[PDB]
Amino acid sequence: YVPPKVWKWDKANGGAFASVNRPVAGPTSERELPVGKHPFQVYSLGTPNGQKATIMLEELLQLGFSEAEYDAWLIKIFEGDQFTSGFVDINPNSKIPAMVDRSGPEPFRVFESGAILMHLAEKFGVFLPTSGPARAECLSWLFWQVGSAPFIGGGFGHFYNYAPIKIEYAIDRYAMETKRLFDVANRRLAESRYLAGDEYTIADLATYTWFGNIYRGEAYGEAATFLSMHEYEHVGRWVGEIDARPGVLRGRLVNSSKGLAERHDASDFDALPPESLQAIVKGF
């Protein structure tokens, strides 16, 4: 194989995502989004990125902020729901999560999980230092997470778990980088309880959804063995602490095949068996 002078879209690419991945953006059909009664309207799926948004909102509800009540509407990314006119209008990039803030007289969109986390942390004044050097430390780790997850999911996850052919050079490239990123976190968590200081912030939440899912064996087949996750004992400590947070236990279940399809009221969780909200096990 020799790359052509001009790339053309003529072959399938993406494995399980080959029915949605395209070289062009924009909507593929006309459909409006549903709107509920609560101030925050979230359009998402319970992947690590969706979980950032729904955990953040559940964290705010644990603190008593009624302005954080939310409707979490299901977006099925294997089905192309991210390409409806209504979804593209709230996220031009056609990825979950995306949100509409309806808490004021004029609604507006917020897209990208990092922007959603920042927006909510700034609105309520929690989980992000409002000023001082600690703010810069938190932002540094949050942007680090956003800039590095593509290597873990779009790189390692894709080539290890979804690509139709196993490609040694690509698997090696992204397995190596994923381990390096876990080592960055592990070395930080050897010296600090949380990534950006002594307290849990949005930088921890953002990293945790990805790292905990991989570390505890729930993501990408046998990846936890493949990547020698046992090496990262400080990551493990921090995953265990965050796993225990009530807002994490609730938020991780939203838009999830193992939890709630959607969330429209706090009482929706009463439909689940009590075991679904109990401690995330660590052993085998």
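Numbers for residues come from their place in the sequence shown, where the first is 1.
On average the C-alpha atoms of 158-166 have higher B-factors than those of the other stretch, with 158-166 and 172-180 being the two compared. Taking the PDB entry as given, 98-106 carries the higher mean Cα B factor of the two stretches 136-144 and 98-106.
The PDB entry assigns the greatest CA B-factor among 248, 53, 63, 227 to 63. Across the options 92, 153, 114, 125, the residue with the most elevated CA B-factor in the record is 125. For residue 21, the recorded CA temperature factor ranks within the lowest third of the chain's modelled residues. Annotation for residue 254: C-alpha temperature factor in the middle third relative to the rest of the modelled chain, per the entry. Residue 84: CA B factor in the middle third of modelled residues in this chain (values from the PDB entry). Per-chain ranking of the deposited C-alpha B factor places residue 43 in the middle third.
When the modelled residues of the chain are ordered by C-alpha B-factor, residue 223 sits in the middle third.
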